[PDB]
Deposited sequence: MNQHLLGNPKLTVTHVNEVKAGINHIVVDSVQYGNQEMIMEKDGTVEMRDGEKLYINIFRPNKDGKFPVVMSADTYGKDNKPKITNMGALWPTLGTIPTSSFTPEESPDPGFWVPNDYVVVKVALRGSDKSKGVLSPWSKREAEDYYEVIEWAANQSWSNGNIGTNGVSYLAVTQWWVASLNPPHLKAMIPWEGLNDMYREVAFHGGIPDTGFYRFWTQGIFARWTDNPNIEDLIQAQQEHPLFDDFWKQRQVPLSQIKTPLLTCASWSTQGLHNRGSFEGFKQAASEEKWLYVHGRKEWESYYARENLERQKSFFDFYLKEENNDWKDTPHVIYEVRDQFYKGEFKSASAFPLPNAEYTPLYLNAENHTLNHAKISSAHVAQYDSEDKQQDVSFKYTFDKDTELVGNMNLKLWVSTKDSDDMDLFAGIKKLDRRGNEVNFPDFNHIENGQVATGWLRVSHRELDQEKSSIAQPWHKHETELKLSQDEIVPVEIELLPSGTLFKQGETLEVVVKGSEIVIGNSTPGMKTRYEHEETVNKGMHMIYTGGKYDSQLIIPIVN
């Protein structure tokens, strides 16, 4: 039958397709050689007269179909990319040749009688307009394309958005505007608060990935003079001010039926906001899927395509399938690299989480059940990349930690008026060796959880903070005096991990990155934090009034 495709046809070589309506044959990963129509370089006109450029892949037959859409500024005609040698840890990513990275593959969706629309947002492709990534103005353009699509001859009126990374962030954005024909959304790993999630971590500027990403956009469209200079924006907006508030999606405006993917493996880019989107969305019908595996690999994996399709068959085809039997949260409890167990819950944060303090003791590198009665101080050189302080707890029984963790420290410094603190959670096996996990950006020597804070940014938003997840206002800098001892709470980003009986959790605090390096030597694919306020010794106080502690989310 037709899902085996037609092996008599030759696949359309994608760089040879010309503008207009084309009959093409797609090298589908699932369904062999698949005939369809591709309309290349169609335009949609914005309210201000700007044209946005798109491709439309649709069944070669009359009729009305549900529509799958994605939008970004990376190039709508990108042929997906010696990657095996150049970025070996990307994992297995099977797609047709008509799938720009992270996009819904028309070779999967179109044979299942969906239309796929690929949108080049303003400033990209033949548009030389303003390119302001992850903004409301970009969201407004996306909204126009959704509503236009709903009125086309091949459209059943129901548009669902889908895609990874930039293609996910733009969904949080457009959904906050509630387009009337946006009937479902699949933000598969996307941030939605640039200040907190990519431009700065805990107030410390990302000098790596953020800048690499920004430069990449500039390099992609060198003949567009209207690309927003986000390098300079980072320099001149060090606090969460009116500029950055406009780059935090108003998530509680979202009402659209929602399938979110978050990953334990993307801490430092999409992880925080993936969870924020799921949590804060007002949507009455929402689901979350969490894994501790690789990003694009998991998106394109057949089981996750089938999950996406089941959600869209319910919402876009209006089929009475059993989608709503799906538990609202499905999550991996990671044990080792690519080894874990998937479990389910009715909510995130997990309704059975017991937020449990472990108190730090500076004298003996321990985390403890009981409070430490007398105040002591530990110390590390903040400029020596080999120095840190660490604290360990060995479990007496199998324990699952799933959710946020909060590291409360009392700290001071003598040689600077500020401190950059780098926190990490590690798991050590029964032999005392670190157990590595997938981590950002597609590194395999990562850790359990990571967090950051610039201490002048420590002031908490009391309304938004919780016992497991501190929320920092980032409104004003509270610089320090010599030996001013201050309380800080560091956001360890959401993680899911089993600690077996005999295994150890280790907190590490340091003046620089805890896990070093990346998976693409010479290219800044990972966060870096090379612009630091650190000088000299950092002090960490524990015991007595200095109730330094780690709050851990014990579940199951």
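Coordinate coverage of the deposited sequence breaks at 1-2, 84-85, these segments carrying no C-alpha atoms.
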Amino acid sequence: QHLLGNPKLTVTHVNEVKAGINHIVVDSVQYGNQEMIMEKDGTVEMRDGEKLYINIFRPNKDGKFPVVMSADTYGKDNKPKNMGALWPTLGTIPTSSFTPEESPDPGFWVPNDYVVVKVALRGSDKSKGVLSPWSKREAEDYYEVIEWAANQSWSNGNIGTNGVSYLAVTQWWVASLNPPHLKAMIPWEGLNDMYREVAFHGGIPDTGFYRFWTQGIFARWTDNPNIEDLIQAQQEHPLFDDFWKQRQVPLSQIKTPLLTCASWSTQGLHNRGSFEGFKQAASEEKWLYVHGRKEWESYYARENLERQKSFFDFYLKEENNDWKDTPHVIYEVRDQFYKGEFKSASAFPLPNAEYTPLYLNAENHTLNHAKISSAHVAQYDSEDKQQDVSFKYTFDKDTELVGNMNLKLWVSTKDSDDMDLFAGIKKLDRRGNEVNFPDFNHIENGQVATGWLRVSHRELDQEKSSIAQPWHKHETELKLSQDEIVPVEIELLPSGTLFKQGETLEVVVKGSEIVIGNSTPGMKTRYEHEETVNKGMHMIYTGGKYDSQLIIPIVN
From here on, numbers count along this sequence of modelled residues.
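Stretch comparison (162-170 versus 96-104) by mean CA B-factor in the PDB entry places 96-104 on top. 344-352 and 184-192 differ in mean CA B-factor, and the higher of the two is recorded for 344-352. Taking the PDB entry at face value, the top CA B factor among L258, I204, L86, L421 belongs to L86.
The PDB entry assigns the greatest CA B-factor among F437, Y380, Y142, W410 to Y380.
In the deposited entry, the Cα temperature factor of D396 places it in the highest third of its chain's modelled residues. Per the PDB record, residue ranking by Cα B-factor puts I540 in the middle third of the chain. Sort the chain's modelled residues by C-alpha temperature factor and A219 lands in the highest third, per the entry. Sort the chain's modelled residues by C-alpha temperature factor and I516 lands in the highest third, per the entry. When the modelled residues of the chain are ordered by C-alpha B-factor, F212 sits in the highest third.
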